[PDB]
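Residue numbers (UniProt numbering), protein chains in the order written: chain Z, 2 to 379; chain P, 1 to 51; chain L, 1 to 51; chain B, 7 to 111; chain S, 278 to 325; chain W, 370 to 480; chain V, 2 to 62; chain A, 2 to 76.
Presented below is the structure to which this report refers.
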Amino acid sequence: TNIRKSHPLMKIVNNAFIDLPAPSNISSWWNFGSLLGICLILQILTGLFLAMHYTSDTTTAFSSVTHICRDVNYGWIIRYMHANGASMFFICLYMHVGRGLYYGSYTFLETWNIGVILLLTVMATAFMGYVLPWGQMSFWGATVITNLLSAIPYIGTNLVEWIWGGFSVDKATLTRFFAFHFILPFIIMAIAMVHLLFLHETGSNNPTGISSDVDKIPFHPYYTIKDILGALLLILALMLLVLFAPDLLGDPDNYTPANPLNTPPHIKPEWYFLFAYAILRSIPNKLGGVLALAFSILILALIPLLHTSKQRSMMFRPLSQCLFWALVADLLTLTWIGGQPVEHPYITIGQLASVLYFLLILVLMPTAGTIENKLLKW
Amino acid sequence: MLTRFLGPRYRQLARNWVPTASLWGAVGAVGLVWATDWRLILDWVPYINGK
Amino acid sequence: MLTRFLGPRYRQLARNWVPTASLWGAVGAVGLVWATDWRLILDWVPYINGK
Amino acid sequence: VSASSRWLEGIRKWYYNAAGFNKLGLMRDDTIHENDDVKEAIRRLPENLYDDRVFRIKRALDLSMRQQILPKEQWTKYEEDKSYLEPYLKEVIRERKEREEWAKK
Amino acid sequence: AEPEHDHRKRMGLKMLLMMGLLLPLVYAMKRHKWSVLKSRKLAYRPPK
Amino acid sequence: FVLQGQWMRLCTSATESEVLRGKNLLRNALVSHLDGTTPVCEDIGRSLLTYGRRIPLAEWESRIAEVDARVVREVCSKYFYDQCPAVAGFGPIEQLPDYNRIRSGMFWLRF
Amino acid sequence: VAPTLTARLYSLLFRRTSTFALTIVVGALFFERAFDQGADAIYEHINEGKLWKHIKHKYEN
Amino acid sequence: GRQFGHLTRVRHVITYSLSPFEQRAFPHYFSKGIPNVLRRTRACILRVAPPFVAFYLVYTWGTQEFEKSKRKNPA
Ligand code: HEC
Ligand code: HEC
Ligand SMILES: CCCCCCCCCCCC1=C(O)C(=O)c2scnc2C1=O
Ligand SMILES: COC1=C(OC)C(=O)C(C/C=C(\C)CCC=C(C)C)=C(C)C1=O
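Written out as structure tokens, the structure reads:
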């Protein structure tokens, strides 16, 4: 009999990537799962080959990365691959949570809930990541984000200093951070496997939301090869970035060495934080603003409880379909606002998109779901 | 969707697990008090204010 | 403890898998030649000595 | 009897066509989320309805795979759409809610 | 600012010409293996 | 798996010994098949349709005796190796291998 | 010659997974030459005098 | 996990298949393909497009308005 089926190790592989029944049926929106995986190791490999040359002390931390690009043979590809890889890791994250919401995937509680834990974790990693070259975006990166903890009643201050290495952002902050940014992706890899274990328990949801038990197909050869084309297409969208437009999805502020006396006029985080940036400065409360940002993401946790529709997917629900793209566009809106300074229309439209996000998800989509119930006599 | 859990039995069974749940917060806080050496609280405790 | 494997059948079956095993080292070396750009060997190859 | 309840009906027939499960030979009861209450009612379906249900879904997931749709002829007419599951589903929830009241005393 | 400039644009051309071979070929490889599934014909044949 | 891996073993690495077994098995089938008026008559009638002769038992022995391991690996590889099969399946057939995977079974990567 | 050649390819080179692999490996060496030639030469032709490979003759020895 | 043979119960369904070495990978790719993508877009525009044009007009207005706001004319 087949060695592939019974050998204790090969067993695991075969049950996950060879003989595993996938739907006949799942589409490109399913490719993001694997490309997220492909992103995690591509980040691990370049991230490693970078760590071989980088140094984590402030007085040298800029100069080391420069060293990498210019002197370290191919340190440029190895680095801009790593830097673009990260945004690419974000295009995949957002698309994957896109698919998850549209199609009802959140129903699988522990899987999505693990996946929420995955998102925070990879957010936290990529933040730590751009801090490391010790640019302008880095410093006020490390400043503003940590300082969020200061908004905690009675204890926030102490924590903000405790993670900082004392009294403001310093030497003790970069070393600290480099270590965290190294250990977290391996931790991510552990949790992604837990995520997978929970997934493969149910197997995959599909574009219809109806159970595909009735038409399953073996992962190999179909989704090994659909997955490869997918992976290639990721390498295209990655290599286009690194080889033609390396600087596009980054701030040029990070190319100026960190000055704890500046804080530049046209400040912002990385693009994948721009939606969130918008949300937090739309409130003239410290306490309110941060509590808006928390709820910006830890909202995903609530989504399952707000499921309302007698159907799983959105595939046959045009009301919900509409309010969905309203959400995407609204998020594009907030990305764009995040990208503009805190001045005239920008302020009000930004407050509105903030209200709209929390409206669509908290109130508008559950109602829309219920109306379609009553429309189907259900 | 928690309408299910509202009836005579449920209130009996909550009323059952109340002294226990009381003590579990006693355990949890006093542990946090001790583990952080909360200053603010511990000044009240004779013997333990060692200053 | 390999006495087991010495008999007419085994030699037939080795003699069967010989042209294949021949070619598999052809695959493996020429791949290593190409992947390291082995210099020493590749000078012999017309076209491919690009210097 | 009514101009207006023929209109709520026209709104309903709209949304039906608009949802477009019909377009893949599906019926409304093919499309229901499987929870425990639903799962059991599928268990309770007689042989033929079950076999018909599995075929409808099989045909649809096939189309869904090939990104296609039926001939308009072969779509499911709103009027021709049988809530074959409804009574079972209702009986299940009915039985569950009993167990739930009993669990309360 | 960027001495790699012309090296990266050189690799880019290759990347573009390479993807230009591989993408149709990887596509042709998938389209093949799914061809079984894409052309499968169902018939339902219940009693009565 | 096992049926397919058999075909392939025989395509690639048929040993000498088993082929003598098959040869004997075939001889035994043949003589034993032609037992009494009805089989022999049916074989007269059919043969004349399909060969234009009756092929005498000795000729079959000759034709059998020629075959050995090479004649197997050759004639198997010609018909079996890396060839699209026809599959028919009936009854509780959830686990009947996908056609691609069956057709993958029709060659070894090691060979 | 123009039809029965994919055939001729398949018999001689593609049946055996050895000769298959040998073909891809032997075939890749020859391809890496012809590509890094052609494409470099395409990249040459699109600059023609921007690059130190063309300037070379200016500042001698 | 869950394994073939043990998935679900299915009766009376004949699948006819074809070997990929018997058939086209790209069959009527533009003949039939282009008609489908049109049909699929047609199918989805009114759900997908309006929020993004809604974004479009709020972006080009907010741009127009912001920089016009940083101006005077009298006094
Ligand atoms: C996508 C999340 C992510 C993962 C996973 C990740 N990195 Fe990074 N890392 C980044 C980002 C973002 C940067 C900053 C890119 C930039 O702006 O230069 C970065 C930068 C770095 C740098 C400094 C050089 C540079 O380009 O700035 C090192 C060193 C590094 N990472 C090591 C690692 C190691 C080791 C791993 C594997 C544990 C890892 N990275 C995985 C996000 C990540
Ligand atoms: C906020 C939720 C969420 C996040 C973030 C998330 N996952 Fe998932 N993931 C899911 C759910 C839910 C599915 C279920 C797929 C389905 O049935 O449509 C899933 C599917 C998958 C799959 C199966 C392939 C597929 O997409 O169907 C893989 C693999 C995967 N995730 C890995 C990842 C990786 C790696 C990350 C990044 C660390 C991650 N996931 C991020 C919730 C998420
Ligand atoms: C999961 C752990 C939480 C970490 C996730 C980070 C959330 C991103 C929000 C962006 C915050 C941010 C600011 O608010 C801000 O003013 C500046 S100026 C440079 N970077 C930032 C910056 O990054
Ligand atoms: C049917 O659903 C599935 C997919 O198709 C949508 C996949 O493509 C993958 C592929 C997973 C990869 C490559 C893992 C990479 C991640 C790590 C942490 C090594 C899995 C497991 C899966 O279940």
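Cβ coordinates follow ideal geometry from the N, Cα and C atoms, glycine included.
Near chain S, meaning a CB-to-CB distance below 7 angstroms, no residue of the segment 32 to 48 of chain A qualifies.
Chain order gives the chain A residues near Z:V215 as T9 and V11, where near means a beta carbon separation below 7 angstroms. Within the segment 336 to 355 of chain Z, contact with chain A at the beta-carbon level (separation under 7 angstroms) is assigned to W337, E344, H345, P346, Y347 and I350. Using a C-beta cut-off of 8 angstroms, the segment 25 to 44 of chain L makes no contact with the segment 44 to 51 of chain B, since fewer than three inter-stretch Cβ pairs fall below that distance. Listed in chain order, the beta strand (DSSP E) runs fully inside the segment 181 to 236 of chain Z are 217 to 219, counting runs of at least 3 residues. Against chain V, a Cβ distance below 7 angstroms from L:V27 picks out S19, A22, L23 and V26. In the DSSP annotation of this structure, the continuous segment of the alpha helix (DSSP H) that includes B:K64 starts and ends at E53 to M71. For S:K318, no alpha helix (DSSP H) segment is defined; the enclosing uninterrupted segment is the beta strand (DSSP E) at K318 to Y321.
Under a 10 Å Cβ-count criterion, Z:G167 is classified as exposed, with fewer than 16 other Cβ atoms of the shown protein chains found around its own Cβ. For B:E97, the number of other beta carbons within 10 angstroms of its own is below 16, and it is reported as exposed. For ligand 2, a non-hydrogen atom lies closer than 7 angstroms to the CB of Z:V123. A:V14 sits in a strand when the DSSP states are folded into three classes. The alpha-carbon of Z:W77 is positioned some 29 angstroms away from that of Z:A193.
Residue Z:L244 holds the alpha-carbon nearest to the alpha-carbon of S:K286 among Z:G48, Z:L244 and Z:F90. Interface flag for P:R9 against chain B is set, since a Cβ pair is found closer than 8 angstroms.
Remark: the shortest separation between the CB of L:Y47 and any heavy atom of ligand 2 does not fall under 7 angstroms. Closer than 8 angstroms to the CB of Z:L275 there is not a single CB belonging to chain A.
Rounded to whole angstroms, A:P36 and V:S19 show a C-alpha spacing of 44 angstroms. Ranked by Cα distance from Z:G105, the first of Z:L376, Z:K311, Z:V343 and Z:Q352 is Z:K311. For Z:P22, the uninterrupted beta strand (DSSP E) segment begins and ends at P22 to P24.
A straight-line Cα-Cα distance of about 34 angstroms links Z:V98 and B:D58. Annotated three-state conformation of Z:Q341 is coil, per DSSP. Chain S has no Cβ within less than 8 angstroms of the Cβ of W:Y448. Close partners of B:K110 in chain P (Cβ separation under 9 angstroms): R4, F5, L6, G7, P8, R9 and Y10. Looking at the DSSP output, Z:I45 sits in no beta bridge, so it has no partner there.
Annotated as distal: Z:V117 and Z:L328, with beta-carbon spacing of 8 angstroms or more. Take the alpha-carbon of Z:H83 and the one of W:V440: they are about 58 angstroms apart. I218, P219 and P222: these are the residues of the segment 217 to 231 of chain Z whose beta carbon lies less than 7 angstroms from some beta carbon of chain W, given in chain order. Residue-level contact by beta carbon fails for B:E53 and chain P, as no gap is shorter than 8 angstroms. Counting every other CB atom within 10 Å of its CB across the protein chains shown gives W:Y448 a total below 16, marking it as exposed. Pairing V:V27 with L:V30 gives a Cβ-Cβ distance under 8 angstroms. Listed along chain Z is no residue with a C-beta nearer than 9 angstroms to that of S:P301; the closest approach is about 11 angstroms. Under the Cβ criterion of 8 angstroms, B:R102 is not counted among the residues facing chain Z. Inclusion of A:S20 and W:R472 in the CB contact set at 8 angstroms is warranted, their separation being smaller than that value. Shown here, Z:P258 sits in a strand according to DSSP, grouped into three states. Taken through DSSP and simplified to helix, strand or coil, Z:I156 comes out as coil.
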